[PDB]
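# Survey of secondary and tertiary structure
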Amino acid sequence: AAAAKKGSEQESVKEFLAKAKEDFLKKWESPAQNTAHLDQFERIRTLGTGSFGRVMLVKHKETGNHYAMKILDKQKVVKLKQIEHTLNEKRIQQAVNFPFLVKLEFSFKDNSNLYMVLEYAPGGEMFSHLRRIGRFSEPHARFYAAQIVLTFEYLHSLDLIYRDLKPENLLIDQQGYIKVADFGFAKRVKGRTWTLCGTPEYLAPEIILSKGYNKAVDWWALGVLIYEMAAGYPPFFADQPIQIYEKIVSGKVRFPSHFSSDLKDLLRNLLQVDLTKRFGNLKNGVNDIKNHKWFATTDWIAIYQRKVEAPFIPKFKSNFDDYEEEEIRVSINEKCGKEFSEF
Amino acid sequence: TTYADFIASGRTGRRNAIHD
Ligand SMILES: Cc1cc(Nc2cc(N3CCN(C)CC3)nc(Sc3ccc(NC(=O)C4CC4)cc3)n2)[nH]n1
């Protein structure tokens, strides 16, 4: 309807995206590299741990700016066969530029580790606020959902698939706006790809079924997210991943009684097993989503410009978790030099 | 309630990605 339509506002999108692509490609082809050193950073505390090492709150000594430094033990990345994913992660993250994406501010490596210095978000991740509060109101969830729709419009126009959408991966900034943090499974691919990766609750059925897949898996994951934000639980849950997968591939979804009829219609079109019928994957692409009823109150340009009043602003002062802290040990011999040469 | 079933399940904390 309004979705299968041009041209004046659709042309501005086109122009924005073409300029963004030109920007992106320069950085894609000539990646930033070795742009800091460990000793430039005062390590304040551990924020969290991933499979490859700690994420630390750090302070850049020469600007006093605060960042989150993701450390990756090279040997653990090799054992986990995540070399190419790690290289994707960094190559893509240094190249993108969007208001709702965590910036890769510096990267470097030493004998033992890879280091990714990221934009610090004082609010922490959405997961925590969502579990604490229980669930978000539809307008609240719509606000965040709108930011993901624009971010996906941006990433997809660059031939990127994100592959890890979930509340754990979305940071809330000082203005109450979102930043997508984790590029671990991001990939640049024209056409189809096959890696079984992602987080069980958020996997599209074509991933579970080893079908080979594209960017439409991101759109399904948006469906899970919106449902999770508004329900306070995932549309498919169980105690074990294999029980989750059977629920995902069955083709059935029950909605809570408080979901508006517009919300349910949106979600049915996002959580659609049939790629032929899944919103975001049709002739109108993202516009099927953008001009849906549930989004009728959304001013997209205002969202992009951060003009909309955030429903929640993080308290700034204690509140941090405590971890055992230990000094970074750097081996005297270089590990996995060849495998990571391009980092 | 479905919420009570969720809160009682073993998947209410941070969920790890798989890559096999
Ligand atoms: C990357 C990043 C992280 C942050 N900020 C924070 C902030 C935070 N806080 C703890 C709770 N108080 C209430 C707010 C501050 N807790 C975490 S715990 C945490 C740690 C790491 C990640 N994610 C990653 O490192 C992704 C990139 C691989 C998410 C949450 N991260 N800003 N930028």
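Conventions used here
- Residues numbered from 1 in each chain as written, not as in the entry; some residues may be left out.
- Chains lettered and ligands numbered in written order.
- Heavy atoms only, no water.
- Salt bridge = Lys/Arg side-chain N within 4 Å of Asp/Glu carboxyl O.
- Buried < 20%, exposed > 50% of the residue type's maximum accessible area, 1.4 Å probe, protein only.
- Axes fitted to C-alpha atoms, helices over the stretch in contact; angles between N-to-C directions.
- Helix = DSSP H or I, 4+ residues; strand = E, 2+ residues; numbered from the N terminus.
- Parallel < 35°, antiparallel > 145°, perpendicular 65-115°, else oblique.
- Left-handed = near helix turned anticlockwise from the far one by under 90°.
- Contact = heavy atoms within 4.5 Å.
- Arc of directions from axis to C-beta.
- Near = heavy atom within 4 Å.
- Polar contact = N/O pair within 3.5 Å; in protein donor to acceptor, adjacent residues only side chain to side chain.
- Areas by Shrake-Rupley, 256 points an atom, 1.4 Å probe, with all protein chains shown as cover.
- Nonpolar A, V, L, I, M, F, W, Y, C, P; charged D, E, K, R; others polar.
- Domains from an automatic or database assignment.
- Pairing = 2+ DSSP bridges.
- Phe/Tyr/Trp six-rings, centres within 6.5 Å; stacked < 30°, edge-to-face > 60°.

This deposited entry lists X-ray crystallography as its structure determination method and 2.25 Å as its resolution.

Next up on the list: the pattern of salt bridges. Where charged atoms of side chains with opposite charge meet at close range, the side chains can pair. All names here are of chain A. Scanning the entire structure with this criterion turns up 28 salt bridges over all chains. Residue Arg 43 is joined to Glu 327 by a salt bridge in which the shortest nitrogen-to-oxygen separation is 3.9 Å. You can call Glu 327 exposed: its relative accessible area is 67%. Put simply, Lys 21, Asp 159, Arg 188 and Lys 190 are held in one network by salt bridges that share partners.

Residues and elements named next belong to chain A. Between helix α1 (residues 8-29) and helix α5 (residues 138-157), the least distance of the axes is 10 Å, while the angle of their chain directions is 55 degrees. With respect to each other, α1 and α5 are oriented oblique. For the pair α1 and α5, the sense of crossing is right-handed. Side by side, α1 and α5 meet where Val 13, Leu 17, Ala 20 and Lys 21 of the first sit next to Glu 153, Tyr 154 and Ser 157 of the second.

Residues and elements named next belong to chain A. Among the residues making up helix α9 (residues 261-270), those that are buried are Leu 263, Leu 266, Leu 267, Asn 269 and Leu 270. Viewed along the axis of α9, the buried residues span an arc of 160 degrees, placing them on a single side of the element. Its buried side turned inward, α9 meets α5, α7 (216-231) and α10 (287-290).

So, on to the site of the ligand. All names here are of chain A. For the ligand, the set of nearby residues contains 15 residues, the closest of which are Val 55, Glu 119, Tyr 120, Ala 121 and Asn 319. Take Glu 119: an N or O atom from its main chain is 3.0 Å from a nitrogen atom of the ligand. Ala 121 is positioned with one of its backbone polar atoms (N or O) 2.8 Å from a nitrogen atom of the ligand. In the complex, the protein chains occlude 82% of the 660 Å² of accessible area that the ligand would expose alone. If you list the elements that add at least two residues to the shell around the ligand, you get β3 (66-73) and β5 (113-119). Grouping the constituent residues of the shell around the ligand by class yields 10 nonpolar, two polar and three charged. Structurally, the shell around the ligand is a two-domain feature, drawing no fewer than three residues from each of domain 1 (1-30 + 125-315) and domain 2 (31-124 + 316-341).

With that settled, consider the sheet that holds strand β2 (residues 53-60) of chain A. Backbone hydrogen bonds are what pair the strands of a sheet, in a parallel or an antiparallel way. Residues and elements named next belong to chain A. On the basis of which strands lie adjacent, the open sheet formed by five strands has the order β1-β2-β3-β5-β4 and antiparallel pairing. Across the chains shown, the open sheet's two edge strands, defined by having one partner strand only, are β1 (41-50) and β4 (104-109). Each adjacent strand pair in this sheet contributes to an overall mean axis angle of 25 degrees, direction not counted. As paired elements, β4 and β5 share five bridges and run antiparallel to each other. Bridge assignment links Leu 104 to a residue of β5, and that residue is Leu 118.

For the rest of this paragraph, the subject is the packing of aromatic side chains. Residue and element names in this part refer to chain A. Enumeration according to the criterion identifies 26 aromatic pairs over all chains in this entry. Considering the side-chain rings of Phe 100 and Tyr 177, the 6.0 Å spacing of their centres and the 10 degrees angle between planes classify their relative orientation as stacked. With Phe 100 in the loop between α3 (83-95) and β4 and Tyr 177 in the loop between β7 (170-172) and β8 (178-180), the pair connects residues that are 77 residues apart, well separated along the chain. Side by side, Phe 100 and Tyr 177 carry an identical accessibility label, which is buried. Measuring from ring centre to ring centre gives 5.2 Å for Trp 294 and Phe 295, while their planes differ by 80 degrees; the resulting arrangement is edge-to-face.

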